[PDB]
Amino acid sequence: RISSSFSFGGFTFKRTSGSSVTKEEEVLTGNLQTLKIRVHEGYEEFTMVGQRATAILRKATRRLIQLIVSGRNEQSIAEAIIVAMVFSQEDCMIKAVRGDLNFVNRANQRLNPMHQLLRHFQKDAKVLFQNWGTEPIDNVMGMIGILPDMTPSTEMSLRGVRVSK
């Protein structure tokens, strides 16, 4: 008895537009580790629904194109942003890695590559946020910028990212 929604990072994803195919690709992390990832190719749109935040995300092959997040505070917002940056598969995300990706669960099972990324950045996102890039923003009604330290800005924002008012 089957929904087309899936879970990732504690968010329920639902594709609302586009399609993708996959290819496996070896990437090099910022910690000099080689990691085999399943890369999705194609333009897609998704809704994300979590317990404390919701989002809409557009992406293409290893690119976050746009993200809008709504959340009840800075931490719930940042959790949603991290999941979307990992989910995007961006090379700047892969290059912000600073530790070994050999995490296990409480059963001694190795997390899969996408979950290794998630766990790494859920533990510390500061390099992720610093290296993602920012962009000047226009005064768009209903939307506010968010800086790399997760505080609001009407002037600049993480590249491709906005927070809904």
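One rule holds for the numbers: they count along the sequence shown, beginning at 1.
Engineer: Higher average CA B factor in the deposited record is what I'm after, so tell me if that's 95-103 or 31-39.
Structural biologist: Looking at the record's C-alpha B-factors, the answer is 31-39.
Engineer: Mean C-alpha B-factor higher for 19-27, or for 144-152?
Structural biologist: Comparing 19-27 with 144-152, the higher average CA B-factor belongs to 19-27.
Engineer: By the CA temperature factor listed in this entry, which of these ranks top: 61, 108, 116, 51?
Structural biologist: That would be 51, according to the entry.
Engineer: Where does residue 89 sit by CA temperature factor within its chain: lowest, middle or highest third?
Structural biologist: Tercile = lowest for this residue's CA B-factor.
Engineer: Sorting the chain's modelled residues by C-alpha B-factor, tell me whether residue 126 ends up in the lowest, middle or highest third.
Structural biologist: Middle third by C-alpha B-factor.
Engineer: Check where residue 137 lands among this chain's C-alpha B-factors and tell me if it's the lowest, middle or highest third.
Structural biologist: Top third by C-alpha B-factor.
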